[PDB]
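In the block that follows, a single chain appears as structure tokens, in the form deposited in one PDB entry.
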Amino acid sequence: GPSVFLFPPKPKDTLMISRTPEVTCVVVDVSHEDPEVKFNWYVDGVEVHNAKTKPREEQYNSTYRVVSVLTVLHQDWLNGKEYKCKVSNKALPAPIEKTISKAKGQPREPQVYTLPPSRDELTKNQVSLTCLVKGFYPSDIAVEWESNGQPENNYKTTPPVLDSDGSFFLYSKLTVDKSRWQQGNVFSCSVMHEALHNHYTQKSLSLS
């Protein structure tokens, strides 16, 4: 038979009121031979009726991928409500439920430190600007870079890693032309997380 995977909203979406946070139910391996899929959604137990049940894509294995989507209240998600996605594709002897909720526990504020390039990287053409983000809980977080209020794109951020004290840390690495590190521009790492004031903080970095 077909299987089911349930997904949390993107971290940035729950933290900024402008954005629309969603839980996503993904039904995989649904066959032509019995292709109709049903969904039912529950918050904290109660059936609600906000979900859209968007259709419906091909595949290599010629099986299907049926995806349903539910919008969620920012504060609900952050207060720990659990979301139940229920899938009925008879071909299923009984319908599948899956449940998801935010990680439990006292949210902890990230500490953010920008670290300049090593001396030895300076004999290169591009240099690495590093943002260390640590001491945060839960692991939901977003990190971005900018300069002169314009986004930097050439950066990569590690996944959150569980640290020895049970909090998380990560690093983000921005690569810039050494031209710019010397020509003196200011660069900033922005962090969004629920335990920050206004869910956001920014730390700057430039040549001292």
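All residue numbers refer to positions in the sequence shown, first residue = 1.
J.: Per the record, averaged over C-alpha atoms, which has the higher B-factor: 31-39 or 138-146?
T.: Averaging CA B-factors over each stretch, the winner is 31-39.
J.: Going by the B-factors listed in the PDB entry, is the mean over the C-alpha atoms higher for 190-198 or for 21-29?
T.: Between 21-29 and 190-198, it is 21-29 that shows the higher mean C-alpha B-factor.
J.: Just to confirm, going by the entry's C-alpha B-factors, which of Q111, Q106, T123, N79 comes out highest?
T.: Each of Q111, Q106, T123, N79 was compared by C-alpha B-factor; the highest is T123.
J.: In terms of CA temperature factor as recorded, identify the highest of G166, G45, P151, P160.
T.: Of the options given, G45 has the highest CA B-factor in the PDB entry.
J.: Quick check for you: using the entry's CA B-factors within this chain, is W181 in the lowest, middle or highest third?
T.: It belongs to the middle third of the chain when residues are ordered by C-alpha B-factor.
J.: Lowest, middle or highest third of the chain for the C-alpha temperature factor of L170?
T.: It falls in the bottom third of the chain.
J.: Ordered by C-alpha B-factor within the chain, which third holds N89? Give me lowest, middle or highest, please.
T.: Highest third - that is where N89 ends up once the chain's C-alpha B-factors are sorted.
J.: How does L129 rank on Cα B-factor within its chain, lowest, middle or highest third?
T.: Bottom third by C-alpha B-factor.
Below, we refer to the form deposited with a partner chain bound, which is not included among the displayed structures.
J.: Given that its partner chain is not shown alongside this chain, does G149 nevertheless sit within 4.5 Å of it in the bound PDB entry, heavy atom to heavy atom?
T.: So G149 counts as contacting its partner chain.
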